[PDB]
>>> print(open('upload.txt').read())   # compact mmCIF, C-alpha atoms and all ligand atoms
# COMPACT_ATOMS: atom_id res chain seq x y z
CA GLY H 22 126.11 113.52 80.66
CA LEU H 23 122.67 114.21 79.09
CA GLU H 24 124.31 114.26 75.61
CA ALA H 25 123.91 110.45 75.78
CA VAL H 26 120.09 110.89 75.91
CA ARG H 27 120.33 113.27 72.88
CA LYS H 28 122.67 110.90 70.94
CA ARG H 29 120.38 107.80 71.41
CA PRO H 30 116.89 108.87 72.68
CA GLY H 31 115.38 105.43 71.88
CA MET H 32 117.36 103.88 74.76
CA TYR H 33 115.63 106.24 77.28
CA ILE H 34 112.30 107.04 75.54
CA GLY H 35 111.58 104.31 72.94
CA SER H 36 111.16 106.30 69.69
CA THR H 37 111.29 109.89 68.23
CA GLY H 38 107.87 109.61 66.56
CA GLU H 39 104.45 110.33 68.11
CA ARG H 40 104.91 107.64 70.83
CA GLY H 41 108.27 109.03 72.04
CA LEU H 42 106.87 112.61 71.98
CA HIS H 43 103.85 111.52 74.13
CA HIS H 44 106.21 109.60 76.47
CA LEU H 45 107.57 113.01 77.66
CA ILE H 46 104.04 113.67 79.04
CA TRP H 47 103.83 110.13 80.60
CA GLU H 48 107.20 110.73 82.30
CA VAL H 49 106.29 114.10 83.95
CA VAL H 50 102.74 112.97 84.94
CA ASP H 51 104.11 109.61 86.33
CA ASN H 52 106.35 111.54 88.79
CA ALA H 53 103.24 113.47 90.06
CA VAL H 54 101.11 110.20 90.27
CA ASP H 55 104.07 108.81 92.35
CA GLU H 56 103.73 111.88 94.70
CA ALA H 57 99.97 111.01 94.93
CA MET H 58 100.81 107.29 95.62
CA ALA H 59 103.24 108.63 98.34
CA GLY H 60 100.18 110.26 99.99
CA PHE H 61 100.90 113.97 99.30
CA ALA H 62 99.43 115.04 95.93
CA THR H 63 95.63 114.83 95.30
CA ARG H 64 95.51 116.33 91.76
CA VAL H 65 97.39 116.70 88.47
CA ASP H 66 96.68 119.56 86.03
CA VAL H 67 97.90 119.01 82.45
CA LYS H 68 97.85 121.86 79.94
CA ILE H 69 98.67 121.54 76.20
CA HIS H 70 99.62 125.18 75.31
CA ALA H 71 99.30 126.62 71.77
CA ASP H 72 103.10 127.43 71.77
CA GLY H 73 104.02 123.68 71.65
CA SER H 74 104.74 123.32 75.40
CA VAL H 75 103.00 121.00 77.97
CA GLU H 76 102.57 122.10 81.58
CA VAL H 77 101.97 119.59 84.41
CA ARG H 78 101.18 120.92 87.87
CA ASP H 79 100.61 118.87 91.04
CA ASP H 80 99.79 119.81 94.71
CA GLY H 81 102.51 117.52 96.16
CA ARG H 82 105.42 118.34 98.53
CA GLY H 83 107.30 120.06 95.67
CA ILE H 84 110.77 119.02 94.33
CA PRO H 85 113.39 119.99 97.04
CA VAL H 86 115.20 123.28 96.30
CA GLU H 87 117.96 122.91 99.02
CA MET H 88 121.62 122.41 97.94
CA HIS H 89 122.49 118.74 97.43
CA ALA H 90 125.80 117.06 98.48
CA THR H 91 126.78 117.25 94.72
CA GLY H 92 127.25 121.06 95.18
CA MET H 93 124.08 122.11 93.25
CA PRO H 94 120.32 122.55 94.05
CA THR H 95 118.37 119.23 94.42
CA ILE H 96 116.06 120.38 91.53
CA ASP H 97 119.17 120.77 89.24
CA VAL H 98 120.29 117.23 90.34
CA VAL H 99 116.79 115.83 89.45
CA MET H 100 116.76 117.75 86.10
CA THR H 101 120.41 117.15 84.98
CA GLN H 102 121.76 113.85 86.39
CA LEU H 103 120.85 110.45 84.81
CA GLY H 122 111.89 106.16 89.54
CA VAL H 123 112.39 109.86 88.50
CA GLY H 124 113.51 110.32 84.86
CA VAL H 125 112.46 113.93 84.24
CA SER H 126 116.19 114.66 83.26
CA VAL H 127 115.40 112.73 80.00
CA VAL H 128 112.51 115.24 79.32
CA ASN H 129 114.92 118.09 80.02
CA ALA H 130 117.57 116.54 77.70
CA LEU H 131 115.02 116.30 74.83
CA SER H 132 113.50 119.80 75.38
CA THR H 133 114.81 123.16 73.99
CA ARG H 134 113.46 124.68 77.21
CA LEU H 135 112.03 123.47 80.56
CA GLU H 136 110.60 125.63 83.34
CA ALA H 137 110.19 124.37 86.92
CA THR H 138 107.99 126.30 89.37
CA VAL H 139 108.14 124.81 92.89
CA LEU H 140 106.03 125.85 95.92
CA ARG H 141 107.74 124.90 99.25
CA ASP H 142 109.49 126.26 102.40
CA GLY H 143 107.01 129.19 102.61
CA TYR H 144 107.93 130.60 99.15
CA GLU H 145 107.48 130.21 95.35
CA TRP H 146 110.66 129.04 93.50
CA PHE H 147 111.58 129.47 89.80
CA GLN H 148 114.10 127.35 87.82
CA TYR H 149 114.42 127.35 83.99
CA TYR H 150 116.77 125.28 81.72
CA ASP H 151 118.05 126.31 78.28
CA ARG H 152 118.69 123.13 76.30
CA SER H 153 119.04 121.43 79.76
CA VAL H 154 121.47 124.12 81.06
CA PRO H 155 120.19 125.62 84.35
CA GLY H 156 119.69 129.28 85.03
CA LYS H 157 119.67 130.81 88.50
CA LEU H 158 117.14 129.59 91.10
CA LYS H 159 114.90 132.66 91.61
CA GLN H 160 113.10 132.75 94.99
CA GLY H 161 110.11 135.05 95.25
CA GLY H 162 106.60 135.54 96.57
CA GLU H 163 105.63 133.89 99.87
CA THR H 164 103.10 131.04 99.77
CA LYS H 165 101.53 128.55 102.22
CA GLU H 166 100.73 126.28 99.18
CA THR H 167 102.89 123.30 97.98
CA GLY H 168 103.44 121.70 94.53
CA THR H 169 105.54 121.17 91.39
CA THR H 170 104.93 122.81 88.02
CA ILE H 171 106.83 121.56 84.94
CA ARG H 172 106.59 123.23 81.56
CA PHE H 173 108.67 121.79 78.71
CA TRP H 174 109.12 122.53 75.00
CA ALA H 175 109.88 119.22 73.18
CA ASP H 176 112.84 119.53 70.70
CA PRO H 177 111.77 119.75 66.97
CA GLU H 178 115.23 118.55 65.87
CA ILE H 179 114.91 115.31 68.01
CA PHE H 180 111.17 114.67 67.30
CA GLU H 181 109.54 113.57 63.97
CA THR H 182 106.50 115.59 65.21
CA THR H 183 105.94 118.09 68.05
CA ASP H 184 102.09 118.21 67.66
CA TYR H 185 100.45 116.44 70.61
CA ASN H 186 97.14 114.58 70.11
CA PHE H 187 94.37 115.58 72.55
CA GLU H 188 92.57 112.17 72.29
CA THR H 189 95.85 110.29 73.06
CA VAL H 190 96.58 112.37 76.21
CA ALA H 191 92.91 112.11 77.35
CA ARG H 192 92.69 108.27 77.00
CA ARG H 193 95.96 107.85 78.94
CA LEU H 194 95.15 110.39 81.67
CA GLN H 195 91.74 108.68 82.02
CA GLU H 196 93.49 105.25 82.49
CA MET H 197 95.80 106.85 85.15
CA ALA H 198 92.73 108.15 86.99
CA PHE H 199 91.22 104.56 86.90
CA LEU H 200 94.51 103.05 88.16
CA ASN H 201 94.80 105.61 90.97
CA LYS H 202 91.16 105.87 92.13
CA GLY H 203 90.48 109.13 94.01
CA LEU H 204 93.18 111.17 92.19
CA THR H 205 91.90 114.07 90.08
CA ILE H 206 93.47 114.54 86.67
CA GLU H 207 92.50 117.64 84.74
CA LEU H 208 93.35 118.17 81.05
CA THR H 209 93.06 121.41 79.05
CA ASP H 210 94.04 121.79 75.40
CA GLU H 211 94.61 125.49 74.98
CA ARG H 212 94.67 125.11 71.14
CA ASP H 213 90.98 124.44 70.22
CA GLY H 246 89.63 125.17 74.82
CA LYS H 247 88.93 121.39 74.97
CA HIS H 248 88.65 120.32 78.62
CA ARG H 249 88.44 117.05 80.57
CA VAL H 250 88.18 116.08 84.28
CA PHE H 251 89.03 112.51 85.34
CA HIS H 252 88.20 111.53 88.92
CA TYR H 253 86.78 108.15 89.97
CA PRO H 254 85.57 106.63 93.32
CA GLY T 22 78.69 94.42 95.52
CA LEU T 23 80.85 93.69 92.42
CA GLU T 24 77.60 93.37 90.35
CA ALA T 25 77.87 97.19 90.03
CA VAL T 26 81.27 96.77 88.22
CA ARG T 27 79.53 94.15 85.88
CA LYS T 28 76.40 96.31 85.30
CA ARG T 29 78.55 99.40 84.27
CA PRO T 30 82.13 98.29 83.42
CA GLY T 31 82.90 101.68 81.75
CA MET T 32 82.53 103.53 85.10
CA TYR T 33 85.44 101.37 86.41
CA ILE T 34 87.58 100.74 83.24
CA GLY T 35 86.51 103.11 80.46
CA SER T 36 85.28 100.79 77.69
CA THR T 37 84.50 97.08 76.82
CA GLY T 38 86.40 97.16 73.54
CA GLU T 39 90.12 96.57 72.90
CA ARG T 40 91.16 99.42 75.31
CA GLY T 41 89.04 98.23 78.27
CA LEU T 42 90.27 94.61 77.67
CA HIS T 43 93.95 95.72 77.75
CA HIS T 44 93.16 97.88 80.84
CA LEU T 45 92.79 94.61 82.83
CA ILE T 46 96.50 93.99 82.15
CA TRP T 47 97.40 97.64 83.05
CA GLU T 48 95.51 97.21 86.37
CA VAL T 49 97.29 93.99 87.50
CA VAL T 50 100.76 95.14 86.31
CA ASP T 51 100.23 98.63 87.95
CA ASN T 52 99.81 96.92 91.37
CA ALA T 53 103.17 95.08 90.86
CA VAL T 54 104.94 98.36 89.62
CA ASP T 55 103.54 99.92 92.86
CA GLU T 56 105.25 97.06 94.86
CA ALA T 57 108.49 97.94 92.93
CA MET T 58 107.99 101.70 93.68
CA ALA T 59 107.48 100.63 97.38
CA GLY T 60 111.01 99.10 97.21
CA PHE T 61 110.19 95.34 97.33
CA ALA T 62 109.61 93.97 93.80
CA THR T 63 112.44 94.07 91.18
CA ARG T 64 110.66 92.25 88.28
CA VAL T 65 107.28 91.63 86.61
CA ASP T 66 106.63 88.55 84.43
CA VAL T 67 103.64 88.80 82.05
CA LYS T 68 102.38 85.75 80.15
CA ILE T 69 99.63 85.80 77.44
CA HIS T 70 98.46 82.16 77.50
CA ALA T 71 96.86 80.36 74.50
CA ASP T 72 93.65 79.69 76.59
CA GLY T 73 92.75 83.43 76.70
CA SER T 74 94.16 84.10 80.20
CA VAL T 75 96.97 86.56 81.24
CA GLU T 76 99.34 85.76 84.11
CA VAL T 77 101.29 88.48 85.96
CA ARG T 78 103.90 87.44 88.52
CA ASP T 79 106.07 89.72 90.69
CA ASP T 80 108.79 89.11 93.37
CA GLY T 81 107.25 91.55 95.88
CA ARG T 82 106.11 90.99 99.52
CA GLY T 83 103.04 89.05 98.30
CA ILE T 84 99.37 90.04 98.97
CA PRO T 85 98.67 89.30 102.73
CA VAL T 86 96.86 85.95 103.26
CA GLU T 87 96.20 86.30 107.05
CA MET T 88 92.57 86.60 108.28
CA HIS T 89 91.55 90.29 107.86
CA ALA T 90 89.93 92.31 110.72
CA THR T 91 86.58 92.12 108.78
CA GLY T 92 85.78 88.40 108.18
CA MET T 93 87.44 86.63 105.16
CA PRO T 94 91.25 86.63 104.19
CA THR T 95 93.16 89.85 103.27
CA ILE T 96 93.38 88.54 99.62
CA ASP T 97 89.57 87.85 99.54
CA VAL T 98 89.12 91.51 100.69
CA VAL T 99 91.52 92.79 97.96
CA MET T 100 89.78 90.63 95.30
CA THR T 101 86.10 91.15 96.32
CA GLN T 102 85.59 94.57 97.99
CA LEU T 103 85.32 97.80 95.87
CA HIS T 121 94.74 101.99 98.53
CA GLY T 122 95.44 102.40 94.73
CA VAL T 123 94.63 98.63 94.41
CA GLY T 124 91.69 97.92 92.04
CA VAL T 125 92.17 94.17 91.19
CA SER T 126 88.58 93.50 92.40
CA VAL T 127 87.50 95.10 89.03
CA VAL T 128 89.64 92.50 87.11
CA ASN T 129 88.02 89.79 89.27
CA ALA T 130 84.51 91.22 88.65
CA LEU T 131 85.10 91.25 84.82
CA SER T 132 86.70 87.77 84.70
CA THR T 133 84.98 84.33 84.51
CA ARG T 134 87.92 83.02 86.60
CA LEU T 135 90.91 84.44 88.51
CA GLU T 136 93.70 82.51 90.23
CA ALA T 137 95.94 84.05 92.90
CA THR T 138 99.19 82.32 93.89
CA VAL T 139 100.95 84.07 96.80
CA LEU T 140 104.40 83.26 98.24
CA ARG T 141 104.76 84.49 101.88
CA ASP T 142 105.01 83.41 105.59
CA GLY T 143 107.31 80.47 104.64
CA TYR T 144 104.73 78.79 102.33
CA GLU T 145 103.03 78.87 98.87
CA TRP T 146 99.32 79.92 98.98
CA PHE T 147 96.55 79.21 96.44
CA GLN T 148 93.28 81.19 96.03
CA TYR T 149 90.90 80.98 93.07
CA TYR T 150 87.62 82.79 92.20
CA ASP T 151 84.71 81.49 90.09
CA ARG T 152 82.97 84.53 88.59
CA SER T 153 84.51 86.49 91.55
CA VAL T 154 83.28 83.89 94.13
CA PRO T 155 86.21 82.65 96.29
CA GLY T 156 87.21 79.06 96.79
CA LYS T 157 89.12 77.84 99.84
CA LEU T 158 92.61 79.25 100.57
CA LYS T 159 94.86 76.20 99.98
CA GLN T 160 98.23 76.35 101.79
CA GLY T 161 100.92 74.03 100.47
CA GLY T 162 104.64 73.63 99.92
CA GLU T 163 107.21 75.56 101.93
CA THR T 164 109.13 78.39 100.26
CA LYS T 165 111.69 81.05 101.26
CA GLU T 166 110.65 83.04 98.11
CA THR T 167 108.07 85.93 98.04
CA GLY T 168 105.69 87.26 95.36
CA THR T 169 102.19 87.56 93.85
CA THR T 170 100.89 85.62 90.83
CA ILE T 171 97.57 86.65 89.20
CA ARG T 172 95.99 84.70 86.35
CA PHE T 173 92.66 85.94 85.01
CA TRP T 174 90.27 84.94 82.23
CA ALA T 175 88.56 88.10 80.87
CA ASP T 176 84.74 87.65 80.41
CA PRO T 177 83.66 87.19 76.71
CA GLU T 178 80.11 88.34 77.58
CA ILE T 179 81.44 91.72 78.98
CA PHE T 180 84.17 92.26 76.32
CA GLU T 181 83.67 93.06 72.57
CA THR T 182 86.97 91.12 72.09
CA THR T 183 89.07 88.83 74.32
CA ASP T 184 92.07 88.63 71.90
CA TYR T 185 95.12 90.45 73.34
CA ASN T 186 97.43 92.24 70.95
CA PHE T 187 101.12 91.37 71.57
CA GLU T 188 102.38 94.72 70.10
CA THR T 189 100.01 96.71 72.40
CA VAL T 190 101.15 94.88 75.59
CA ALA T 191 104.85 95.11 74.54
CA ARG T 192 104.76 98.93 73.81
CA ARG T 193 103.04 99.58 77.18
CA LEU T 194 105.29 97.25 79.21
CA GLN T 195 108.28 98.91 77.50
CA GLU T 196 106.99 102.41 78.57
CA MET T 197 106.56 101.09 82.18
CA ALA T 198 110.19 99.88 82.12
CA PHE T 199 111.31 103.40 80.92
CA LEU T 200 109.19 105.09 83.65
CA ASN T 201 110.59 102.83 86.37
CA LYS T 202 114.29 102.58 85.31
CA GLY T 203 115.96 99.45 86.75
CA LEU T 204 112.74 97.35 86.93
CA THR T 205 112.70 94.25 84.73
CA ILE T 206 109.52 93.51 82.81
CA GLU T 207 109.36 90.26 80.91
CA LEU T 208 106.65 89.41 78.33
CA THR T 209 105.89 86.01 76.76
CA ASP T 210 103.08 85.38 74.27
CA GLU T 211 102.34 81.68 74.33
CA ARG T 212 100.15 81.84 71.18
CA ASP T 213 102.86 82.35 68.47
CA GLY T 246 106.54 81.90 71.59
CA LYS T 247 107.12 85.66 71.08
CA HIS T 248 109.33 86.97 73.91
CA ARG T 249 110.49 90.36 75.15
CA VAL T 250 112.68 91.64 78.04
CA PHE T 251 112.45 95.29 79.09
CA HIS T 252 115.11 96.53 81.50
CA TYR T 253 116.80 99.95 81.28
CA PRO T 254 119.61 101.79 83.23
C1 LIG M 301 111.99 114.16 93.50
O1 LIG M 301 110.96 114.96 94.08
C2 LIG M 301 109.86 114.16 94.49
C3 LIG M 301 109.96 113.88 95.98
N1 LIG M 301 109.90 115.16 96.67
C4 LIG M 301 110.49 115.23 97.90
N2 LIG M 301 111.43 114.42 98.35
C5 LIG M 301 111.83 114.75 99.62
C6 LIG M 301 112.86 113.91 100.28
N3 LIG M 301 112.64 112.68 100.68
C7 LIG M 301 113.86 112.31 101.20
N4 LIG M 301 114.82 113.24 101.14
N5 LIG M 301 114.16 114.25 100.56
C8 LIG M 301 114.86 115.49 100.30
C9 LIG M 301 111.21 115.84 100.18
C10 LIG M 301 111.33 116.52 101.45
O2 LIG M 301 112.05 115.78 102.33
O3 LIG M 301 110.85 117.61 101.73
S1 LIG M 301 110.08 116.46 99.04
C11 LIG M 301 108.60 115.80 96.53
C12 LIG M 301 108.35 116.12 95.07
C13 LIG M 301 108.56 114.91 94.19
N6 LIG M 301 108.44 115.24 92.78
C14 LIG M 301 107.23 115.49 92.17
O4 LIG M 301 106.16 115.52 92.76
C15 LIG M 301 107.25 115.76 90.77
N7 LIG M 301 106.15 116.31 90.17
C16 LIG M 301 106.33 116.50 88.83
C17 LIG M 301 105.29 117.08 87.96
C18 LIG M 301 107.61 116.06 88.55
CL1 LIG M 301 108.36 116.03 87.04
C19 LIG M 301 108.19 115.60 89.76
BR1 LIG M 301 109.97 114.90 89.78
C1 LIG M 302 97.58 94.76 98.51
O1 LIG M 302 98.81 94.11 98.82
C2 LIG M 302 99.93 94.89 98.38
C3 LIG M 302 100.71 95.34 99.61
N1 LIG M 302 101.30 94.14 100.22
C4 LIG M 302 101.53 94.22 101.56
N2 LIG M 302 101.07 95.17 102.33
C5 LIG M 302 101.44 94.97 103.64
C6 LIG M 302 100.99 95.91 104.69
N3 LIG M 302 101.54 97.07 104.94
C7 LIG M 302 100.77 97.55 105.97
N4 LIG M 302 99.76 96.75 106.35
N5 LIG M 302 99.92 95.71 105.52
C8 LIG M 302 99.02 94.57 105.58
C9 LIG M 302 102.18 93.84 103.89
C10 LIG M 302 102.71 93.32 105.11
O2 LIG M 302 103.34 94.30 105.81
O3 LIG M 302 102.60 92.17 105.50
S1 LIG M 302 102.43 93.02 102.41
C11 LIG M 302 102.31 93.51 99.40
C12 LIG M 302 101.64 93.01 98.14
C13 LIG M 302 100.85 94.10 97.44
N6 LIG M 302 100.20 93.64 96.23
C14 LIG M 302 100.91 93.21 95.12
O4 LIG M 302 102.13 93.12 95.10
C15 LIG M 302 100.16 92.87 93.95
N7 LIG M 302 100.78 92.24 92.90
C16 LIG M 302 99.94 92.01 91.86
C17 LIG M 302 100.36 91.35 90.61
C18 LIG M 302 98.71 92.49 92.25
CL1 LIG M 302 97.31 92.47 91.27
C19 LIG M 302 98.84 93.03 93.56
BR1 LIG M 302 97.40 93.85 94.51
CA CA M 303 98.14 75.64 82.98
>>> encode(input="upload.txt", output="structure tokens")
Amino acid sequence: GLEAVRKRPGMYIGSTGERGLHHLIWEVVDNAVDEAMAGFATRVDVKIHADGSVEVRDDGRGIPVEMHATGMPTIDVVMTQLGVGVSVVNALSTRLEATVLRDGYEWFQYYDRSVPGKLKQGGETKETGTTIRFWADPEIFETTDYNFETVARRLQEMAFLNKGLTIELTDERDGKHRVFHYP
Amino acid sequence: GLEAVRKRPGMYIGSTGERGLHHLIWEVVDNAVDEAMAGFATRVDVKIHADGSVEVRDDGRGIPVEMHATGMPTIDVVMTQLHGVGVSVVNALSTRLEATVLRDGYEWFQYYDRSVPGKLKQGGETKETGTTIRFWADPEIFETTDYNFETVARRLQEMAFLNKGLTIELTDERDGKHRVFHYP
């Protein structure tokens, strides 16, 4: 299963240093940029929290919550089975929280060391989107301290490569804030 | 026109240093990764030539050559007018750009001199499909026109991890350094 990603993370992520750690962000954001390229999402909100987690929210269709043919929710399939590779982020995170807005309601789905909890439905909403919050594993990673400048330069490039998409970045450690949107 | 991209390159690529120079590669490759995400291309070949140019080839549908609804060819539109396709910026910041497109049973040639198109030369029949882009970054615009192999390799490796199953090949013709990035 995902123990393969934990045994040899280089084969899925590259390294376990600062580049591999930042790759977790590139992976989650890339999935949202793909939803924007698909013609559904218009913005990506990235938040570096003081607790060591990174939250990425989009206004896309939202990851399907309906039960897959594999006898588990589609979100659990996405998050647990190995161009979507967010299961690798899950595998290398002590915790991951998925908040999905679709089918007229808000949906909650957490993972403890990649192990799913129950899918909690609650609170009706007309809005759509996917929220992913993950806590990178300190045992796997050489460092779990994200660099604001690194995330900003990359998120700016993504905004240049996908003209018209809005990418917002907030570092809740210092209140540093950036908005990247281009013609 | 594209003189706006040349007057303020930063407003279209960020900077004119090492990052902005490497961004030209990210831009061309991103368009090919998009053709792979679309379900047509399976590989991207990147070549850092000794002359200062970068060549990016894919096996996608190929940029349409047919006369566009608004004057000049669909490629001339792509390359000269400012969806998530921004190659016209690479053209604008390059002294030269060569486009080789394989589609509609033939091989197609289209070059640009400081973004100004030449004629579209049709020649040689081919069953194969794809887009080839070779560009010479402008030394007047850029602080440096020397590409770093390690920089291109780390980024092309990331792209291969983000798009599992896509093959990305890199060759640096200045030293013969070669890399193949393909993952599960
Ligand atoms: C894998 O989910 C992606 C595709 N999604 C859908 N696919 C289908 C579908 N097409 C065919 N059959 N089906 C069931 C839908 C439907 O019919 O309703 S919706 C929408 C959400 C997407 N993911 C993200 O935006 C995303 N965002 C972040 C931050 C991460 Cl991380 C991810 Br991953
Ligand atoms: C901008 O063209 C892109 C889309 N292309 C097509 N689109 C349509 C289409 N669908 C709807 N209407 N039309 C006309 C086609 C058709 O059906 O005939 S083909 C395929 C090639 C693509 N570009 C690249 O692969 C590409 N590669 C590199 C290295 C760079 Cl740089 C670029 Br840009
Ligand atoms: Ca030659």
>>> residues_around(input="upload.txt", residues="stretch 196-202 of chain H", least_positions_apart="6", cutoff="7 Å", atoms="only C-alpha atoms", output="ChimeraX atom specification")
/H:251-254 /T:33-34,48,122
>>> residues_near_ligand(input="upload.txt", ligand="ligand LIG 302 (chain M)", cutoff="10 Å", atoms="all atoms listed in the file", output="PyMOL selection string")
chain T and resi 45-57+59+61-62+65-67+76-87+89+95-96+98-100+121-126+128-129+137-139+141-142+167-172
>>> closest_residue(input="upload.txt", among="T:180, T:64, T:211, T:31", to="ligand CA 303 (chain M)", atoms="only C-alpha atoms and all ligand atoms")
T:211
>>> atom_distance(input="upload.txt", atom1="atom CA of residue H:97", atom2="atom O1 of ligand LIG 301 (chain M)")
11.2 Å
>>> closest_residue(input="upload.txt", among="H:134, H:28, H:141, H:40", to="ligand LIG 301 (chain M)", atoms="only C-alpha atoms and all ligand atoms")
H:141
>>> residues_near_ligand(input="upload.txt", ligand="ligand LIG 301 (chain M)", cutoff="8 Å", atoms="only C-alpha atoms and all ligand atoms", output="ChimeraX atom specification")
/H:48-57,62,65,77-85,95-96,99,123-125,168-171
>>> residues_near_ligand(input="upload.txt", ligand="ligand CA 303 (chain M)", cutoff="10 Å", atoms="all atoms listed in the file", output="count of residues only")
5
>>> closest_residue(input="upload.txt", among="T:38, T:43, T:177, T:93", to="residue T:193", atoms="only C-alpha atoms")
T:43
>>> residues_near_point(input="upload.txt", point="(106.5, 81.3, 74.6)", cutoff="12 Å", atoms="all atoms listed in the file", output="VMD selection string")
chain T and resid 67 to 71 187 207 to 213 246 to 249
>>> residues_around(input="upload.txt", residues="residue H:86", least_positions_apart="4", cutoff="10 Å", atoms="all atoms listed in the file", output="number ranges by chain")
H: 93-98, 139-142, 146-148, 158, 160
>>> atom_distance(input="upload.txt", atom1="atom CA of residue T:198", atom2="atom CA of residue H:180")
21.0 Å
>>> atom_distance(input="upload.txt", atom1="atom CA of residue H:46", atom2="atom CA of residue H:75")
7.5 Å
>>> closest_residue(input="upload.txt", among="H:137, H:69, H:26, H:58", to="chain T", atoms="all atoms listed in the file")
H:58
>>> closest_residue(input="upload.txt", among="T:88, T:158, T:23, T:197", to="chain H", atoms="all atoms listed in the file")
T:197
>>> closest_residue(input="upload.txt", among="T:94, T:175, T:183, T:251", to="residue T:195", atoms="all atoms listed in the file")
T:251
>>> build_atoms(input="upload.txt", residues="stretch 32-49 of chain H", atoms="N, CA and C atoms", output="short mmCIF file (atom, residue, chain, number, x, y, z; two decimals), in the coordinates of the input")
data_model
loop_
_atom_site.label_atom_id
_atom_site.label_comp_id
_atom_site.auth_asym_id
_atom_site.auth_seq_id
_atom_site.Cartn_x
_atom_site.Cartn_y
_atom_site.Cartn_z
N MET H 32 116.86 104.63 73.61
CA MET H 32 117.36 103.88 74.76
C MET H 32 116.83 104.38 76.11
N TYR H 33 116.19 105.56 76.10
CA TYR H 33 115.63 106.24 77.28
C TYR H 33 114.16 106.50 77.13
N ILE H 34 113.68 106.64 75.87
CA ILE H 34 112.30 107.04 75.54
C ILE H 34 111.52 106.08 74.64
N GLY H 35 112.21 105.28 73.84
CA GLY H 35 111.58 104.31 72.94
C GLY H 35 111.72 104.64 71.48
N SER H 36 111.14 105.78 71.06
CA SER H 36 111.16 106.30 69.69
C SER H 36 111.16 107.84 69.67
N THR H 37 111.26 108.43 68.47
CA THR H 37 111.29 109.89 68.23
C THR H 37 110.07 110.31 67.40
N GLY H 38 109.14 109.38 67.24
CA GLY H 38 107.87 109.61 66.56
C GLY H 38 106.84 110.02 67.58
N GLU H 39 105.54 109.94 67.22
CA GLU H 39 104.45 110.33 68.11
C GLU H 39 104.41 109.64 69.48
N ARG H 40 104.87 108.37 69.56
CA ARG H 40 104.91 107.64 70.83
C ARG H 40 105.99 108.18 71.78
N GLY H 41 107.18 108.49 71.25
CA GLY H 41 108.27 109.03 72.04
C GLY H 41 107.94 110.42 72.53
N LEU H 42 107.34 111.26 71.64
CA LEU H 42 106.87 112.61 71.98
C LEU H 42 105.86 112.56 73.15
N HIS H 43 104.85 111.68 73.07
CA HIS H 43 103.85 111.52 74.13
C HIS H 43 104.42 110.97 75.43
N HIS H 44 105.50 110.19 75.33
CA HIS H 44 106.21 109.60 76.47
C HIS H 44 106.75 110.67 77.42
N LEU H 45 107.12 111.85 76.89
CA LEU H 45 107.57 113.01 77.66
C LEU H 45 106.49 113.41 78.65
N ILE H 46 105.20 113.38 78.21
CA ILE H 46 104.04 113.67 79.04
C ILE H 46 103.89 112.57 80.09
N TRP H 47 103.96 111.27 79.68
CA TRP H 47 103.83 110.13 80.60
C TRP H 47 104.87 110.21 81.71
N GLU H 48 106.10 110.58 81.37
CA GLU H 48 107.20 110.73 82.30
C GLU H 48 106.97 111.78 83.39
N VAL H 49 106.57 113.01 83.01
CA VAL H 49 106.29 114.10 83.95
C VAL H 49 105.08 113.79 84.83
#
